[PDB]
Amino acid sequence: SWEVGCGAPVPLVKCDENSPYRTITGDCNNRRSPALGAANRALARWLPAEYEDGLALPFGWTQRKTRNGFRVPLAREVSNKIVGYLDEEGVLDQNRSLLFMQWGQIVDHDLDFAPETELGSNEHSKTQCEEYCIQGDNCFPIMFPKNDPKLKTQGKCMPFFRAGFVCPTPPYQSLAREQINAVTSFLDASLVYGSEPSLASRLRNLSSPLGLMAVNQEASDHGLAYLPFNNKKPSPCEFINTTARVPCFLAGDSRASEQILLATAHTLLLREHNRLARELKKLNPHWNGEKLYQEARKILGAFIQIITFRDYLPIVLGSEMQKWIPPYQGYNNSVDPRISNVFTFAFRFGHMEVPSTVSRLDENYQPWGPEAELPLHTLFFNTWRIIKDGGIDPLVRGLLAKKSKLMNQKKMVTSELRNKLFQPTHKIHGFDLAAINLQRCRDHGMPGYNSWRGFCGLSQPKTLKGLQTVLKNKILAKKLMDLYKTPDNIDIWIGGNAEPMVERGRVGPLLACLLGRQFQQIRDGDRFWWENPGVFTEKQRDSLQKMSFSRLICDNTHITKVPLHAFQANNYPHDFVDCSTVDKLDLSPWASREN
């Protein structure tokens, strides 16, 4: 008797099962469970939820109440003692470009979004959470430990609001609290197109017969498109420079302006759409706008899928790739394609790959102008640096020629994120993404590190000597034991990222298992996977497989010098060629004659 049937929320489907196009919502993908993988549904649970009261309260909520016999250490204290570091010298990944970091964020944003409880608006008790550091309801503040330098400048806590959850807005109660995924679980470019029909419509240029996405009307990048601004206020990008007064961008995903490189990437994807559509009109003057919109959408979705599985995943999972993701054997509708709640924390390995600076580069890949190199913290929610300071090309060059940060057991997350994160609402480049992640694991009722090792068939250390061996690191194991007292309590974000990386990859065994399993399911449980015969033709697939990130850049920027292997580290000029040496997407196979 599955207590399945909470809650009402989103209108529960309307299918043309036989349409060759995805819905915007993800409904109608699976024929027998038509809501599977759709936006605005509960994140999947691969293990039962672990909550202080067994139902919804996070571990850490009640001071005297222990997890497995021990107090859960403060998320900020773990961030300060384990995750932090001062010295930015020597931290970079010698064989991953900064595009490696950024593509990972793009992928994450296509697959998952668990937004915060919205209640705080129309009310100040929300502003009171921050003002007075008071725990209650969806207020779950991150308290500072003693000796925290932020006590001298910033008060006693960093406010934190709990993630939204299904049966959604009333607090309690029935089965364990299940957080929501607000985007489609399929790898479908929902971050470009939107996951809800409201937004999908707004993003489109409905005035045009070419099936284009709306572009900025106030500014251009040497005649190429920007994303449109959001006309609603206060978007925080206005607040960060009140002289420039440049709003955030409007995109398929509301996080698109969070940081400037993400917005950059969003912009290349939007241009590519409009490129594809125009090109498809030239080839098929008889197609209407809807047809044009949908066919371009379908190709861009293929693009995202192909780059991710062919170029990105093999260099994340390295030698574990083949073990969790065998060669594709066709669509299987018995597979659950939903993103799991645990994945939303496993994929935050990306946070350990973000460097402390971003560069703008000129055409000789030299520092562009006197302010060429910028600290990452000044870029959160920053659109003015694109629109008033050179467009996206100098930033895209930096993506190609600069490097991702390497995850290092002694230098985990840069201070730009760990001390200077900007959150839109109460004035300050002062939050801690690591602390947030840890607190969020607890918020989400995450099982601990040993439960996940068990799930993956991996050994479960119970002692310091055991942990030293799994981590291959004596100091890091001792520091974790001092805070957590048992490896059973280590929060999954920090335990999975603490493990030494597998050969040719950039995550450890535990993460390789959790990431690999999720990506297999999203390929296998998707009716519209690009390789599923009949979604495209053989000739279309032959053409799609010539696509690369280098070509995306060549086609939609004024950059002409590019590497062949965009994700590896590439030193200019030796690893660079010009755009005339890089294969093009041959659109001939989409010429249709309706004679």
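Start at 1 and count along the sequence shown; that's the residue number.
If you average the C-alpha B-factors over 120-128 and over 93-101, the higher value belongs to 120-128.
Of the two stretches examined, 202-210 and 188-196, the record assigns the greater average C-alpha temperature factor to 202-210.
Out of 154, 259, 334, 414, it is 154 whose C-alpha atom has the highest B-factor in the PDB entry. Taking the deposited Cα B-factors for 391, 289, 73, 461, the highest one is held by 289. Per the deposited record, the Cα B-factor of residue 45 falls in the lowest third when ranked against the other modelled residues of its chain. The PDB entry assigns residue 65 a C-alpha temperature factor belonging to the highest third of its chain's modelled residues. Sort the chain's modelled residues by C-alpha temperature factor and residue 526 lands in the lowest third, per the entry.
Annotation for residue 553: CA B-factor lies in the lowest third of the chain's modelled residues.
Looking at the C-alpha B-factors along this chain, the one for residue 38 belongs to the lowest third.
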